[PDB]
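A.B. asks: I am attaching a structure below and will ask some questions about it afterwards.
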4 protein chains.
Amino acid sequence: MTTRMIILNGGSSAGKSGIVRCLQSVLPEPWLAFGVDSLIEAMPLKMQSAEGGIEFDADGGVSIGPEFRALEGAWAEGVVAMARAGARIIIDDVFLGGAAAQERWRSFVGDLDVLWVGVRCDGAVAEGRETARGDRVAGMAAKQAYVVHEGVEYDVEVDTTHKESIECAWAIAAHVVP
Amino acid sequence: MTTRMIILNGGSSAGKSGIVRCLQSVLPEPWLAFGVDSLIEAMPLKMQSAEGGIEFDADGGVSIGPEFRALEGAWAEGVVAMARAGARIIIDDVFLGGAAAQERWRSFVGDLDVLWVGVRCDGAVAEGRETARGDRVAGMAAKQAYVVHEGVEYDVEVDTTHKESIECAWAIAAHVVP
Amino acid sequence: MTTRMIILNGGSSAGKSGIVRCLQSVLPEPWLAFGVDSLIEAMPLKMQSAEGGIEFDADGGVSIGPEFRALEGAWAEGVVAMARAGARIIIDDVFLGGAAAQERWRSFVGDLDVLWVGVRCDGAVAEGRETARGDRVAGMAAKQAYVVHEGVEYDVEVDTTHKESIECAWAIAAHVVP
Amino acid sequence: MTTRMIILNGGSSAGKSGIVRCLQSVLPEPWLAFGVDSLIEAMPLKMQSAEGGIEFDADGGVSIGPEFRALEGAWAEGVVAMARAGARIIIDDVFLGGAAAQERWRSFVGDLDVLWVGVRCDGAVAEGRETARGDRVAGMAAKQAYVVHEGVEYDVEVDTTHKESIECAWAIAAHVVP
Ligand SMILES: O=C(N[C@H](CO)[C@H](O)c1ccc([N+](=O)[O-])cc1)C(Cl)Cl
Ligand SMILES: O=C(N[C@H](CO)[C@H](O)c1ccc([N+](=O)[O-])cc1)C(Cl)Cl
Ligand SMILES: O=C(N[C@H](CO)[C@H](O)c1ccc([N+](=O)[O-])cc1)C(Cl)Cl
Ligand SMILES: O=C(N[C@H](CO)[C@H](O)c1ccc([N+](=O)[O-])cc1)C(Cl)Cl
Ligand SMILES: O=C(N[C@H](CO)[C@H](O)c1ccc([N+](=O)[O-])cc1)C(Cl)Cl
Ligand SMILES: O=C(N[C@H](CO)[C@H](O)c1ccc([N+](=O)[O-])cc1)C(Cl)Cl
Ligand SMILES: O=C(N[C@H](CO)[C@H](O)c1ccc([N+](=O)[O-])cc1)C(Cl)Cl
Ligand SMILES: O=C(N[C@H](CO)[C@H](O)c1ccc([N+](=O)[O-])cc1)C(Cl)Cl
């Protein structure tokens, strides 16, 4: 029953990265963190200008093509492989495809023990934080705030609308089996 | 009565930068933002290793020497000069010297119309956010949370302990005379 | 004859920022660094989406409107004011307007002692570095490589095409009167 | 004979990251990039303050403990797993242990087709660039410039002392079998 992977899902500006660093500080054993964002940074820059890659609409929409998806797949497998190799992994994701996305993960994970975490946050509030951070495309927060969880099943749910990252971290750590 | 400068004061991780970007988005006229941090980034790197410069204790303490202070002074004058030249300026500061610090500003400002803003936040909560951001020296938040406001007089006060940046932004904008 | 300001001019990716940090390390007295880029970061984000602000064409072109120019002006005056106040200032600029730009500076500077530095670099090579850094809009380097110096007069010229930043730094420092 | 992984080795400031982005732009197929630095960013912050983790001496030295090494191991396996899954991977490493380090990789890689790249650069020059970038601990460049290659065998060697990143990129791409 030892937890091997902690997969978090939430919309942009919902507070995931903040929760991730807190978890890494709180949890006693070292946990590696990776996510759709670190994956993007690891993909070639041109992937962001290629049709079957990832595209950022000016209104904050996000489109994903097969070239991008294909790469992501091998990446996912590698992350699972790290867990298998004995590294405790935290995944900061954004299930744009809702349930479809969670399934995709389930397939790569297999019988590996995973803690599915849901990070919610009022769209309006997320949108406010989006402005405050100033480093995201205005509109992503709102567009993602809800559709991301539709049909997704979690083992734990935190809502950053009125809870600090460190607090949400404590709630999540409590469900982590050593 | 037109506001020329908005000087914010608060401890590390209290939420100032977030409020600043919100203000820049909210306010109709363009406001330039500068602060102790941009000043630091503009000072030579070695200033951070020189005795009369700025020193960061491992426990999160911050010491300021005369070499640093001298530079800061000319900088302050320049910022005031920008206001005088007609640029709307926002200053994100950290009054380590409490009232002493506010006086220092008053001297540079003169009869220029300034909106003194206080950004408060529970030390414990600030410390939590400090961990979540992971890019500050652990301990700064708590050490600064309160001593920074002792003896300081504001025209407006916001407390980020339970208020989003955008909200605090709205409260502050309301006191800005066009 | 003491040098109060060091104004560098060069196209994107020509190597200015690198030379700037070297100068700050080399020069014995503390020099504050500021530039078109720090100014941009200090301007509201929306300035980048407003017509009379600054616009970044997808091919790497850069357009500047009056709203942006107006702000820049007050900023320039403030920087000069810092020099006057006794702070040694380094300005990392990009004379898009060639000679016109240098004149604009001359007007703000007045009789202040300034060291005009020219940072050149082969367009092709600059374009290569542009790719290597991956954090600029492809095409800026080439578009700026030359037009930026047309009609501009320097006291010192360095060419980073075959010279390291630290070397160019040494050449520039040598012309700085204490 | 299709190349699955490109493993680059070089000392800090030798120019690897710059070469990596160029390769990602040059190579026709998408290549994911990862390295000791992205791994560090993915490890908990505290790993940098824990004895068996990674420690940064003030003079630029770097020490690695077993806790850090253990994690790195599972990470290495995961990266190899990504290659196996069909993702083209580029690894930006720093063989502090010289030959010992290359062996460690050979063990994880197995019979996977790998292109071993060596990125050299004169210590003095690397040290100069270290200053110019200003975001590394002074002294790392020099300490690493040479010891890193002792006993290491490459399929290709580039020297950034007098060659631009894009050029070195071209030399390396030429040895990549599709
Ligand atoms: O802005 C970014 N990422 C955010 C999420 O952190 C963006 O909203 C996003 C959402 C989903 C996504 N995906 O699922 O492939 C990619 C980017 C990075 Cl490009 Cl910096
Ligand atoms: O190289 C490109 N495109 C082709 C299709 O025109 C290609 O198959 C591709 C798309 C994205 C990509 N990536 O992320 O590196 C790589 C190759 C464009 Cl990005 Cl210029
Ligand atoms: O960490 C930093 N700054 C914070 C404040 O944002 C630090 O707490 C600090 C506080 C006061 C200060 N001062 O008043 O000179 C300088 C740095 C910068 Cl060095 Cl990145
Ligand atoms: O140059 C240095 N120090 C002397 C005193 O030893 C000097 O007067 C000084 C201190 C800080 C500084 N700065 O911020 O650039 C500049 C010069 C050290 Cl930083 Cl190496
Ligand atoms: O990319 C940027 N700046 C470069 C120069 O460093 C861009 O080429 C540029 C050039 C000139 C300019 N101007 O003169 O107003 C503004 C940006 C910043 Cl937006 Cl990050
Ligand atoms: O606020 C805006 N525009 C008007 C004109 O429609 C305005 O006068 C302005 C433009 C740029 C700007 N800035 O940089 O903050 C401020 C106000 C747009 Cl940026 Cl939404
Ligand atoms: O400074 C850093 N990394 C450089 C290399 O890019 C440092 O020189 C270093 C070298 C070797 C290393 N290792 O082999 O574990 C880790 C960091 C990161 Cl901590 Cl930002
Ligand atoms: O938690 C810590 N240490 C113990 C040993 O005292 C621990 O086993 C450990 C070290 C590094 C680490 N990491 O990278 O997350 C995790 C746990 C210190 Cl970092 Cl406070």
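Labels for the structure tokens follow display order: chains A, B, ..., residues from 1 in each chain, ligands from 1.
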Which residues come within 9 Å of residue A:113, counting only C-alpha atoms, excluding same-chain residues fewer than 5 positions away, as a PDB file with C-alpha atoms, in the first residue's frame?

C.D. replies:
ATOM      1  CA  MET A   1       0.000   0.000   0.000  1.00  0.00           C
ATOM      2  CA  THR A   2       3.067   2.285  -0.113  1.00  0.00           C
ATOM      3  CA  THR A   3       2.329   5.297  -2.310  1.00  0.00           C
ATOM      4  CA  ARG A   4       4.624   5.428  -5.356  1.00  0.00           C
ATOM      5  CA  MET A   5       3.156   8.359  -7.272  1.00  0.00           C
ATOM      6  CA  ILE A   6       1.098  11.409  -6.378  1.00  0.00           C
TER       7      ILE A   6
END

A.B. asks: Define the interface residues of chain B facing chain A as those within 8 Å, counting only C-alpha atoms, and report them as an MDAnalysis selection string.

C.D. replies: chainID B and resid 17:22 25 125 128:129 131:134 162 164:166

A.B. asks: Taking 3 positions as the minimum chain separation for residues in the same chain, which residues sit within 7 Å of stretch 148-150 of chain A when counting only C-alpha atoms? Answer as a list in words.

C.D. replies: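 The residues that qualify are residues 10, 11, 94, 95, 96, 97, 98, 99, 144 and 145 of chain A.
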
A.B. asks: With N, CA and C atoms retained, export the selected residues as a JSON list (two decimals), in the first residue's frame.

C.D. replies:
[["chain", "number", "residue", "atom", "x", "y", "z"],
["A", 10, "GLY", "N", -5.36, 19.93, -11.85],
["A", 10, "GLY", "CA", -6.04, 21.18, -11.57],
["A", 10, "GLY", "C", -5.84, 22.15, -12.71],
["A", 11, "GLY", "N", -6.67, 23.19, -12.76],
["A", 11, "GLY", "CA", -6.56, 24.18, -13.81],
["A", 11, "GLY", "C", -5.44, 25.16, -13.52],
["A", 94, "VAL", "N", -2.63, 18.77, -15.82],
["A", 94, "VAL", "CA", -3.82, 19.55, -16.15],
["A", 94, "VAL", "C", -4.65, 18.71, -17.12],
["A", 95, "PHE", "N", -5.60, 17.95, -16.59],
["A", 95, "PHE", "CA", -6.44, 17.09, -17.42],
["A", 95, "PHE", "C", -7.39, 17.87, -18.33],
["A", 96, "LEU", "N", -6.86, 18.36, -19.44],
["A", 96, "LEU", "CA", -7.69, 19.11, -20.38],
["A", 96, "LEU", "C", -8.78, 18.19, -20.90],
["A", 97, "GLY", "N", -8.44, 16.92, -21.05],
["A", 97, "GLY", "CA", -9.41, 15.95, -21.54],
["A", 97, "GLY", "C", -10.26, 15.31, -20.46],
["A", 98, "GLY", "N", -10.30, 15.93, -19.29],
["A", 98, "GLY", "CA", -11.08, 15.39, -18.20],
["A", 98, "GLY", "C", -10.83, 13.91, -17.94],
["A", 99, "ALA", "N", -11.92, 13.14, -17.84],
["A", 99, "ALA", "CA", -11.82, 11.71, -17.59],
["A", 99, "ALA", "C", -10.88, 11.02, -18.57],
["A", 144, "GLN", "N", -9.99, 26.60, -17.72],
["A", 144, "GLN", "CA", -9.63, 25.33, -17.11],
["A", 144, "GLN", "C", -10.26, 25.02, -15.76],
["A", 145, "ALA", "N", -10.57, 26.06, -14.99],
["A", 145, "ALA", "CA", -11.13, 25.90, -13.65],
["A", 145, "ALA", "C", -12.06, 24.71, -13.40]]

A.B. asks: Using atom CA of residue B:7 and atom CA of residue C:33 as the two end points, give the distance in Å to one decimal.

C.D. replies: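 Going from atom CA of residue B:7 over to atom CA of residue C:33 covers 22.3 Å.
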
A.B. asks: Need to verify the contact set: residue A:172, 8 Å, only C-alpha atoms, exclusion of same-chain residues closer than 2 positions in sequence. Can you return it as a PyMOL selection string?

C.D. replies: chain A and resi 23+117+156+158+168-170+174-176

A.B. asks: Around ligand 8, at most 10 Å away and counting only C-alpha atoms and all ligand atoms, which residues are there? Put them as a list in words, please.

C.D. replies: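 Here is the list of contacting residues: residues 23, 24, 25, 26, 27, 28, 29, 30, 31 and 32 of chain A; 40, 42, 43, 44, 45, 46, 47, 48, 49, 50, 51, 52, 53, 54, 65, 66, 67, 68 and 71 of chain D.
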
A.B. asks: For stretch 139-143 of chain A, find every residue with an atom within 6 Å (counting only C-alpha atoms), except residues of its own chain fewer than 6 positions away, and show them as a compact mmCIF listing (two decimals) with N, CA, C and O atoms, in the first residue's frame.

C.D. replies:
# COMPACT_ATOMS: atom_id res chain seq x y z
N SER A 12 -4.98 25.85 -14.56
CA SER A 12 -3.92 26.83 -14.41
C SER A 12 -4.26 27.85 -13.31
O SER A 12 -5.40 28.30 -13.20
N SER A 13 -3.26 28.20 -12.51
CA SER A 13 -3.42 29.15 -11.42
C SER A 13 -4.28 28.63 -10.25
O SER A 13 -4.62 29.39 -9.34
N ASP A 59 -6.73 33.96 -26.56
CA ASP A 59 -7.73 34.10 -25.52
C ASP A 59 -7.48 33.14 -24.34
O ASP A 59 -8.29 33.05 -23.41
N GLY A 60 -6.36 32.42 -24.39
CA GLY A 60 -6.03 31.51 -23.31
C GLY A 60 -6.38 30.06 -23.54
O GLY A 60 -6.23 29.23 -22.64
N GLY A 123 -13.13 29.58 -10.44
CA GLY A 123 -12.64 30.17 -11.67
C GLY A 123 -12.31 31.65 -11.51
O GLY A 123 -11.22 32.09 -11.86
N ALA A 126 -9.22 32.05 -9.51
CA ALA A 126 -8.07 31.57 -10.27
C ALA A 126 -7.68 32.65 -11.27
O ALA A 126 -6.50 32.95 -11.46
N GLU A 127 -8.69 33.22 -11.91
CA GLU A 127 -8.48 34.26 -12.91
C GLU A 127 -7.82 35.48 -12.28
O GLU A 127 -7.03 36.18 -12.92

A.B. asks: Please report, as a list in words, each residue of stretch 35-176 of chain C to which DSSP assigns strand (DSSP E) when run on this structure's backbone.

C.D. replies: residues 35, 54, 55, 56, 62, 63, 64, 88, 89, 90, 91, 92, 93, 114, 115, 116, 117, 118, 119, 120, 156, 157, 158 and 159 of chain C

A.B. asks: In terms of the shortest atom-to-atom distance over only C-alpha atoms, which of D:64, D:100, D:58, D:114 is closest to residue D:83?

C.D. replies: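 Looking at the shortest contact to residue D:83, the residue is D:114.
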